[PDB]
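Chains as they are written, first to last, in the entry's author numbering: chain 2, 2 to 49; chain 0, 51 to 326; chain Y, 51 to 326; chain Z, 51 to 326; chain R, 51 to 66, 77 to 326.
Yeah, the Cβ is synthetic: ideal placement off N, Cα and C, and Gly gets one too.
The structure appears right after this line, and notes come after that.
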Ligand SMILES: *[C@@H]1O[C@H](CO)[C@@H](O)[C@H](O)[C@H]1NC(C)=O
Ligand SMILES: *[C@@H]1O[C@H](CO)[C@@H](O)[C@H](O)[C@H]1NC(C)=O
Ligand SMILES: *[C@@H]1O[C@H](CO)[C@@H](O)[C@H](O)[C@H]1NC(C)=O
Ligand SMILES: [Ca+2]
Ligand SMILES: [Ca+2]
Ligand SMILES: [Ca+2]
Ligand SMILES: [Ca+2]
Ligand SMILES: [Ca+2]
Ligand SMILES: [Ca+2]
Ligand SMILES: [Ca+2]
Ligand SMILES: [Ca+2]
Ligand SMILES: [Ca+2]
Ligand SMILES: [Ca+2]
Ligand SMILES: [Ca+2]
Ligand SMILES: [Ca+2]
Ligand SMILES: [Ca+2]
Ligand SMILES: [Ca+2]
Ligand SMILES: [Ca+2]
Ligand SMILES: [Ca+2]
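Here's what the structure looks like:
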């Protein structure tokens, strides 16, 4: 009855395929580059 | 499981070396980096923390295990250095005019201190042995001392008149005071602004290392004039840019952690001795 | 020690008793007495501390070993309690309204805790086991809880809308939250004036004793409803004058200390062990 | 004769020592003395070369073998420092603000470096091990680095915009850059006026000694923070007059050469390993 | 090593930084290619042959004359693509003589000292913007032969406006030397042996190289290749495709610490 384990590990390559299938219908959410940093403090020129 | 009692441990001189545990310790331990504000100012980036975290990930430290703590300067940092990570690395910029202060900071965070309260104006205080010091910390610590003789009369000072007290510290954020042992002293301290504690130097603190950025070997963490031990946890680097300093810290993190050890006083084994 | 912590200690059942170490304990120890402000106000003496120190000296303690710390009230004292001396006796006044707060303070200071930070804004937190609680301390700690389900959706609450959260603490100086174990929660806490930590109760803190002045046995240092253990370190007395209370504390200091075990004093004075 | 293979050599204890070879090496070797211009300026004697040559002859060296090479200062001398004599001695004046530059110069000349060219415009570069550095020299070498993740995207920077690059060197005449190992970096170097090379530290360069004239122990010829070795070839001298400095160098030339050895990479026996 | 250099190596007959490549090509090659990304293409084509990304390096030189001014050999393997010009034959040979062999050179102060060449391995190599070497052989009495030691106009000229020149004079004879020391420098060099990590591929022409001063021998070593060409792209493709064979002719065990073409000793 140990074969199950040996099979579970042996056939585990097919897991990849399943993931691909589960990724087929999954929605895609792609991120963009985000500015951070020393953002200089700029204001209005002397105004009267 | 047999906490609070010391037992001898017997081992053989032919037990095989176990495999490296560096990967496991990196995986299951935290690292804190203390740097001055001017380091962040010079770096002139805000994602630099994430960049260093990723670079550490390349060195095996899991994301989020490395912590970056900031302090304004040595004087402000010395008020109450509270180091909580498993491994603490403190980047300390060198300034000649602050030499002693730097030493004091190192003396405070490279060693373990058992500190009891001090109530001046109600008890006179002796320093029993070499390891006994008086650590004063606060916004501004001004400590004046009046040694007394066996009859409780001051030596070169009047118990009533504080103006005659010998002045040993002026407006200090942190000061380690060492007086002559076996002599009672009356203390005048700015209690409203500073707190003074009677501390015993138990031994080294192995999870804290100090990297001195620039300068020469000036740290002196032992009050004894005849010893100036540069331990393996006290490092020195020359610098011109802080990015190079941080890259050096990241790349050689293996060596830095090797120089350090887990806090012996902490962790479950040292339970019912002092802590945990 | 650590290399002999997990080793057996064998002793024979005929070893002669050693002499009384009470004198040696008093000589090499320090005592901290925590009392409320009303005690000092009622005493209305500027030398009562010196009188108590002299009486303790009559009881064997060296002169500069007994220290006295004053707190405004139970709620004020519960914000980051600090236990300084080797032996810490806390004179806690009884109020029928502050019963839960008295119990929380006693639980915090009569037990050793291992706490970690919680970033409530980023992660959903759960309590692993019966020893795991959330200890919140600050000027005003208002904790609201939203339990979730396997799909991360809230039950009886909406993660987006905090107004639907199940408030469990409001305007608290110290609170020990116990939620259902194994359930992820999303927490709203006034982080500006509150700090919440995930804490595990390691065990008793045997160097801290609490004397309840007035009332009945109301302390409950166990979150478990089925048990309300009264330990040897939970004393209770009846009072009319604070001077009599202090005289009872001084006279029976032998018994009070005998109910406490030394070596439980952490290197730090905090009421919990902070780990990152 | 067998030049390509490393054959073991079996020596026998008790083999009689050979006579002193100091005279023979002095007669059949050349000594180069590198000093700053200010040295000659202070000395103010157009014939001092002849005087030093005659003094060296009194010490053993034939009067055609001691060479005196003059450099303006540390910064200028660091650009392609070419040392061709059998024994090179460099008097380096100490400046408290040029510690890193002095350390870089010593690291470059006190150690053997195997350098390959670098095309920052063509390849992304990575440092393989701790012995690998990026040594750049020129009139004004400014180096900025952008680490890249496994997907080749920059970390904390954009490969397209060099403004986001992390600056590691600015207007450096010489700089030894050490970045995190195993990470590819896009390099932005002012190649128009400086050359960058990818180098390995093979080992010590035994025919170059550096005397730091009037400073402290500050040289760090190793990028590892945990090591700041003081090899026998780095000496320190206090000074007020350069004539005294040169007299000390002449009088202790025996010891100075003793601290040095013939360049291992040089000479015939090093053939077919790297050079000659 | 050095303590086991003079020891035998016994072997049985019955028993059975990574490498870097430098390509030296003339600038006219890159001009003919006319592409600004050809280096990347050649790097990937080399990577097909097993050279990692940042291993191959391409160094440009204006021409044979300019390249000869103190040439520098940077990589583990140095394949030099040299365009053939019937008018520059000797110069090409000189470059090969200075590039395919290891030299040991000492400073020469022509103004103060006479110089002689001890043996057949001794030459005088001079390099710079422009060399004009004029030689006056002397006799046992130190008087010039066909020349006047004081009058340099009678000196025999052996080089004129040379960017590189290897001078071979009669051995055992002292020579007074007039060299344009301002614009170029001369050194007494000794040929130690082959430099196995440098190969020279002559693009076009015929076999004309002569890396030995002896007139009786003109050996073509395995590191001296020749290829006919019409398009530089074909030249670079054949260099890339047969890089295995090119490296086979070379040995990685001649890369000195410095890139100079000669060891220098004071
Ligand atoms: C064993 O040691 C090797 C060599 O350092 C290391 O790669 C490996 O991670 C270690 N652990 C195990 C479980 O093999
Ligand atoms: C213990 O008590 C006994 C009885 O008074 C006394 O004789 C002895 O000296 C004491 N001390 C020790 C160390 O046994
Ligand atoms: C070495 O020195 C000794 C004693 O000065 C002398 O007798 C001998 O000839 C010298 N030379 C050799 C090769 O031993
Ligand atoms: Ca100080
Ligand atoms: Ca006085
Ligand atoms: Ca003392
Ligand atoms: Ca000391
Ligand atoms: Ca409460
Ligand atoms: Ca609700
Ligand atoms: Ca719970
Ligand atoms: Ca209970
Ligand atoms: Ca520099
Ligand atoms: Ca950036
Ligand atoms: Ca590196
Ligand atoms: Ca170092
Ligand atoms: Ca020529
Ligand atoms: Ca003539
Ligand atoms: Ca000849
Ligand atoms: Ca020939």
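Distance cut-off 7 Å: residue i Cβ against heavy atoms of ligand 2
i: residue 182 (chain 0); result: no
Where residue i falls, given that 16 or more other Cβ within 10 Å makes a residue buried
i: residue 265 (chain Z); result: buried
i: residue 27 (chain 2); result: exposed
i: residue 173 (chain Z); result: buried
i: residue 190 (chain Y); result: exposed
i: residue 40 (chain 2); result: exposed
i: residue 328 (chain 0); result: Lying before the first or after the last residue shown, residue 328 (chain 0) is absent from chain 0, which here runs from 51 to 326.
i: residue 63 (chain Z); result: exposed
i: residue 99 (chain R); result: buried
i: residue 320 (chain 0); result: buried
First through last residue of the beta strand (DSSP E) which encompasses residue i
i: residue 262 (chain 0); result: 258-263
i: residue 99 (chain Y); result: Unbroken run through residue 99 (chain Y) is the alpha helix (DSSP H), 98-108; no beta strand (DSSP E).
i: residue 7 (chain 2); result: Element bounds for residue 7 (chain 2): not the beta strand (DSSP E) but the alpha helix (DSSP H), 4-11.
i: residue 289 (chain 0); result: No beta strand (DSSP E) contains residue 289 (chain 0), which DSSP labels as neither H nor E.
i: residue 226 (chain R); result: 222-227
i: residue 158 (chain Z); result: That residue, residue 158 (chain Z), is in no beta strand (DSSP E); its alpha helix (DSSP H) goes 149-159.
Distance cut-off 7 Å: residue i Cβ against heavy atoms of ligand 15
i: residue 273 (chain Z); result: yes
i: residue 259 (chain 0); result: no
Residue i CB to nearest heavy atom of ligand 10 below 7 Å
i: residue 262 (chain 0); result: no
Closer than 7 Å: residue i CB and nearest ligand 14 heavy atom
i: residue 157 (chain Z); result: no
i: residue 228 (chain Z); result: yes
Residue i, DSSP secondary structure in three states
i: residue 187 (chain Y); result: strand
i: residue 177 (chain Z); result: coil
i: residue 199 (chain 0); result: coil
i: residue 296 (chain R); result: helix
i: residue 306 (chain R); result: helix
i: residue 318 (chain 0); result: helix
i: residue 238 (chain Y); result: strand
i: residue 215 (chain 0); result: coil
i: residue 81 (chain Z); result: strand
i: residue 245 (chain Z); result: strand
i: residue 113 (chain Z); result: coil
i: residue 192 (chain Z); result: strand
i: residue 137 (chain 0); result: strand
i: residue 162 (chain 0); result: strand
i: residue 53 (chain 0); result: coil
i: residue 253 (chain 0); result: strand
i: residue 26 (chain 2); result: helix
i: residue 121 (chain Z); result: strand
i: residue 72 (chain Y); result: helix
i: residue 323 (chain R); result: strand
Distance cut-off 7 Å: residue i Cβ against heavy atoms of ligand 13
i: residue 114 (chain R); result: no
Contact test: residue i Cβ vs ligand 5 heavy atom, cutoff 7 Å
i: residue 214 (chain 0); result: yes
heavy atom of ligand 4 below 7 Å from residue i C-beta
i: residue 129 (chain 0); result: no
Expected contact under 8 Å - CB spacing of residue i and residue j to nearest Å
i: residue 183 (chain R); j: residue 216 (chain R); result: Going by Cβ atoms, the distance from residue 183 (chain R) to residue 216 (chain R) rounds to 17 Å, so no, they are not a contact pair.
i: residue 86 (chain R); j: residue 121 (chain R); result: 6 Å
Bounding residues of the alpha helix (DSSP H) (the contiguous stretch that carries residue i)
i: residue 232 (chain 0); result: From DSSP, residue 232 (chain 0) is part of no alpha helix (DSSP H); its letter is neither H nor E.
i: residue 89 (chain 0); result: 87-93
Closer than 7 Å: residue i CB and nearest ligand 18 heavy atom
i: residue 145 (chain Z); result: no
Ligand 19 heavy atom lying under 7 Å from the CB of residue i
i: residue 221 (chain Z); result: no
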